[PDB]
Amino acid sequence: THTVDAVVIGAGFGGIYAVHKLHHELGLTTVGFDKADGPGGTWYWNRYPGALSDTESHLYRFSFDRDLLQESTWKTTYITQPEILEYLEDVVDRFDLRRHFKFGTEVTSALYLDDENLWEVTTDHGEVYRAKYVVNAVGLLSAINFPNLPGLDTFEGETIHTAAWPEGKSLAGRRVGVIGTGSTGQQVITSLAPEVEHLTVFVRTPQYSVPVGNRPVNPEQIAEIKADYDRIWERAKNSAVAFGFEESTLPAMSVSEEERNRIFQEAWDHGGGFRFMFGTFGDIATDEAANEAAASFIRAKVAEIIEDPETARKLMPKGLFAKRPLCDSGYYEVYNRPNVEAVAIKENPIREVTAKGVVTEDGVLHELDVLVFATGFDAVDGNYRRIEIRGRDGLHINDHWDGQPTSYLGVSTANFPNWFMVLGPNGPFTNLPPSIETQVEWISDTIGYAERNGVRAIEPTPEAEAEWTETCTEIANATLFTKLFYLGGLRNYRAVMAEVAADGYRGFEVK
Ligand SMILES: Cc1cc2nc3c(=O)[nH]c(=O)nc-3n(C[C@H](O)[C@H](O)[C@H](O)COP(=O)(O)OP(=O)(O)OC[C@H]3O[C@@H](n4cnc5c(N)ncnc54)[C@H](O)[C@@H]3O)c2cc1C
Ligand SMILES: NC(=O)c1ccc[n+]([C@@H]2O[C@H](COP(=O)([O-])OP(=O)(O)OC[C@H]3O[C@@H](n4cnc5c(N)ncnc54)[C@H](OP(=O)(O)O)[C@@H]3O)[C@@H](O)[C@H]2O)c1
Ligand SMILES: O=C1CCCCCO1
């Protein structure tokens, strides 16, 4: 039953930096915690085949330490999970942090003590920590999502969730079904297709995907990037999404059918999902006609790629190109293989799982040895809403988030003092690490200020939280995503966080 200045929940990008900042800049005694048996967070857990970043390799990392940027290396233009995981372990060892982290250790309640003005925090190892500050780096993701299919437990084969992939497991020569065609699904599908005896993909909503263009690089290309890194990060910190391309301000309809498609083809060829949505035109997300053009281009690629038309149509993405854009390493092409079958489960849904496989409503048994669920997770809400987290006067987090989850500035919420969030709700939608730094940096300032000036407790007003929900909402419904995040872009997000701090923490009850 110990007592410290600060607790950090989680050891991915966000939890790792927060420890570094709170211990080494602000001198605070600081303990880190993670269920996981080591660091990496998202990348400790997802070791499924083909797991790859959407963010180019040079930019999906910390920026804050200039020696590190010069010494780290990568193989391709996008970075794989082993390589990311490895990088976070180098980072963890480089800044001397293993020793602040209790691994294999779940934080299971967070009681705020109104009279001691402290947070009482308990582990599944029995321990208790009493801390003045809590920093939640629990991520945008929550519990694995895992639809309970009828008869599932009759299945005599192995079932695997993408995020619980057994290290070392091979599906080579097995008959495998995959459910889900999200970002994970496309990846695990491209990578499985060539090795398995047969692949059945259960598609519910086919999505829009552009080539990822993941190319090999030589040490000289890296060294041209290394030489220009102050400008790269300054540029990225001053863009909206920080994916490393200039963001277009050219309206789609402001140029010609041929020009429009010329631009859409160079982007296709160059590769990159965000690059397609935002590197090409500036209104794809905000003008109806801009959007339809982008979407149409992609469907023509799909009909150019899938030879058999009954298959093509099952994989044909429909309607607004207003989900997060995917990119792949040859996804549509997989459906030309004789040992891949597509099952459109809107038209022909799963009726049940039986001993030997999956049965659809048409009454065909799809014989499977392995059923892989690429069905994702259950939202930000989920990693908080699954705990004894209570704020002032014992108020429960799930009681406090009576409806949609909320925050002020993506890092805080009313009735939860000295309690912060890294990637809480209504935060930025960007290449995450640069946003994680913004958040951790602001959180570490705020906490340095609190100690230096003798602040007992800080928390936002419910007035302010609601003003933020409105700002996020007004900006959302100006885009085609409407038809959970602040969508004004990193640069605006940074000026806002900075103004609030320069303005004496406006929207915050300081005690
Ligand atoms: C396959 C995949 C690819 C991705 N690619 C990209 C990309 O290219 N670009 C991008 O910007 N984003 C990407 N993301 C999103 C990605 O999660 C973020 O970029 C980033 O990893 C977030 O890191 P984090 O430290 O904030 O949270 P996480 O890495 O999610 O770490 C959170 C940790 O909190 C822990 N935790 C939660 N509750 C508790 C508790 N009660 N006790 C102890 N521990 C707890 C979890 O175990 C977890 O390890 C991807 C995600 C996935 C799954
Ligand atoms: N950038 C990257 O390289 C990368 C890679 C992987 C993951 N990620 C991130 O991590 C998050 C998770 O991605 P993800 O692909 O694991 O999950 P996801 O985006 O949530 O994809 C979910 C998939 O499962 C399907 N699905 C869900 N429940 C189902 C059910 N009961 N029956 C049939 N199908 C079902 C969905 O279909 P519907 O859509 O019709 O519901 C969808 O195809 C994403 O937000 C993504 O940004 C990023
Ligand atoms: O591409 C991504 C994946 C996670 C969602 C926001 C970050 O950007």
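Note that ligands are numbered from 1 as they come in the structure, with each ligand's atoms numbered from 1 the same way. Along the sequence shown, residues carry numbers from 1. Below, all heavy atoms of this structure are taken into account, side chains as well, without hydrogens, waters or symmetry copies.
Looking at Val107 next to ligand 1, an N or O pair under 3.5 Å apart turns up. Where the criterion is an N or O separation shorter than 3.5 Å, residue side chain and backbone included, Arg204 meets it with respect to ligand 2. For ligand 1, the polar-atom distance check against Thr108 finds no nitrogen or oxygen pair separated by under 3.5 Å. In terms of polar-atom proximity, defined here as any N/O pair under 3.5 Å, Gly14 does make such a contact with ligand 1. At least one N or O atom of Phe13 sits closer than 3.5 Å to an N or O atom of ligand 1. Considering backbone and side-chain atoms alike, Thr42 places an N or O below 3.5 Å from some N or O of ligand 1. Some N or O of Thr181 is nearer than 3.5 Å to an N or O of ligand 2, by distance alone. Backbone and side-chain nitrogen or oxygen atoms of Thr162 are examined, and none is located within less than 3.5 angstrom of a nitrogen or oxygen of ligand 2. Between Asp34 and ligand 1, a contact under 3.5 Å exists for at least one N or O pair. On a distance-only criterion, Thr205 and ligand 2 share at least one N/O pair closer than 3.5 Å.
Proximity of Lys314 to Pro206: side-chain heavy atoms (C-beta onward) are nowhere separated by under 4.5 Å. Side-chain contact check for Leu69 versus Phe62: every heavy-atom pair is 4.5 Å or farther apart.
Within ligand 2, the atoms closer than 4.0 Å to a non-hydrogen atom of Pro147 are 30 (C), 31 (N), numbered from 1 in the order shown. The atoms of ligand 2 that sit less than 4.0 Å from any heavy atom of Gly376 are 16 (O), 17 (O). Less than 4.0 angstrom separates some heavy atom of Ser53 from each of these atoms of ligand 2: 3 (O). Atoms of ligand 2 found under 4.0 Å from any heavy atom of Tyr48 (numbered from 1 in listed order, with element): 5 (C), 6 (C). Of all atoms in ligand 1, listed by their number and element, those nearer than 4.0 Å to a heavy atom of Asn46 are 53 (C). Within ligand 3, counting atoms from 1 as listed, the ones closer than 4.0 Å to a heavy atom of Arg324 are 1 (O), 3 (C). Taking every heavy atom of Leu432 and a limit of under 4.0 angstrom, the matching atoms of ligand 3 come to 6 (C), 7 (C). Here is the list of ligand 2 atoms found below 4.0 Å of a heavy atom in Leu52: 2 (C), 3 (O). Listed by atom number, the atoms of ligand 1 under 4.0 Å from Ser53 heavy atoms are 8 (O). If you number the atoms of ligand 2 from 1 as listed, the ones under 4.0 Å from a heavy atom of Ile345 come out as 33 (C). Listed by number with element, the atoms of ligand 2 under 4.0 Å from a non-hydrogen atom of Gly180 are 23 (C), 24 (O), 25 (C), 43 (O). Taking every heavy atom of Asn431 and a limit of under 4.0 angstrom, the matching atoms of ligand 1 come to 11 (O).
Here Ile387 has side-chain heavy atoms under 4.0 Å from ligand 1, and that is the only part of it that gets that close. Of the heavy atoms in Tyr48, only side-chain atoms (C-beta onward) come closer than 4.0 Å to ligand 1. At a heavy-atom cutoff of 4.0 Å, ligand 2 is contacted by no atom of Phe373, backbone or side chain. Contacts of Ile436 with ligand 1, taken as heavy-atom pairs under 4.0 Å, involve the side chain alone. Under 4.0 angstrom from ligand 1, the non-hydrogen atoms of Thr55 come from both its backbone and its side chain.
Figure legend: cation-pi geometry between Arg275 and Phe243 absent, as NZ or CZ is not positioned both under 6.0 Å from the six-membered ring centre and within 45° of its axis.
Using cut-offs of 30° and 60° on the angle between ring planes, the pair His58 and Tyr229 is tilted. Ring pair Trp442/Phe420 is perpendicular by interplanar angle, where above 60° counts as perpendicular and below 30° as parallel. Taking the six-membered ring for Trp and thresholds of 30 and 60 degrees, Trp401 and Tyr384 have ring planes more than 60 degrees apart, a perpendicular arrangement. Using bins of under 30°, 30° to 60° and over 60° for the plane-to-plane angle, the ring pair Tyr129/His2 lands in the perpendicular bin. The aromatic rings of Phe485 and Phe429 lie perpendicular to each other, with more than 60° between the two planes, well past the 30° mark.
Considering only non-hydrogen atoms, atom 50 (C) of ligand 1 lies nearest to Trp43 out of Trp43, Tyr384, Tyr44. Between the choices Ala374, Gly139, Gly182, the shortest heavy-atom distance to atom 24 (O) of ligand 2 belongs to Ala374. Summarising the contacts of atom 33 (C) of ligand 2 with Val201, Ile179, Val203, the nearest heavy atom is found in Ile179. When the options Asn431, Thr42, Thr55, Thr430 are ranked by their closest heavy atom to atom 8 (O) of ligand 3, first place goes to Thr430. Between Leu432, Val188, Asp54, it is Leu432 that holds the heavy atom closest to atom 11 (O) of ligand 1. Of the candidates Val138, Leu141, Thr430, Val138 brings a heavy atom nearest to atom 36 (N) of ligand 1. Taking all heavy atoms of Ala137, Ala51, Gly40 into account, the minimum distance to atom 33 (C) of ligand 1 is reached by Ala137.
Distances shorter than 4.0 angstrom do not occur between any heavy atom of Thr42 and any atom of ligand 2. Between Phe146 and ligand 2 there is no heavy-atom distance shorter than 4.0 Å. Taking a 4.0 Å cut-off on heavy atoms, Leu423 registers as neighbouring ligand 1. At least one heavy atom of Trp45 sits under 4.0 Å from some atom of ligand 1. Under a 4.0 angstrom heavy-atom cut-off, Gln187 registers as being in contact with ligand 2. Ligand 1 has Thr105 within reach: a non-hydrogen atom of the residue lies less than 4.0 Å from it.
Side-chain atoms of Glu437 come within 3.5 Å of backbone N or O of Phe64 as a donor-acceptor pair. Side-chain atoms of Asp5 come within 3.5 Å of backbone atoms of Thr29 as a donor-acceptor pair (strictly under, hydrogens ignored). For the pair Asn291 (side chain) and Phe321 (backbone), a donor-acceptor distance under 3.5 Å is present. The backbone N or O of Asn348 sits nowhere less than 3.5 Å from a side-chain atom of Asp362 that would complete a donor-acceptor pair.
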Problem set entry | Derivation of the side-chain hydrogen bond (donor to acceptor under 3.5 Å, both in side chains) call for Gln187 and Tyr48 | CA-CA 9 Å; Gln187 280 179 5; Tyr48 66 74; 2.6 Å; yes
For this session: Go through the steps to decide whether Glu127 and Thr1 satisfy the test side-chain hydrogen bond (donor to acceptor under 3.5 Å, both in side chains), and finish with yes or no.
Result: CA-CA 6 Å; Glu127 302 161 302; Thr1 167; over 6 Å; no
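The protein heavy-atom contact nearest to atom 1 (O) of ligand 3 is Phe274 CE1, 3.5 Å. For atom 5 (C) of ligand 3, the nearest non-hydrogen atom of the protein is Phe429 CE1, 4.2 Å.
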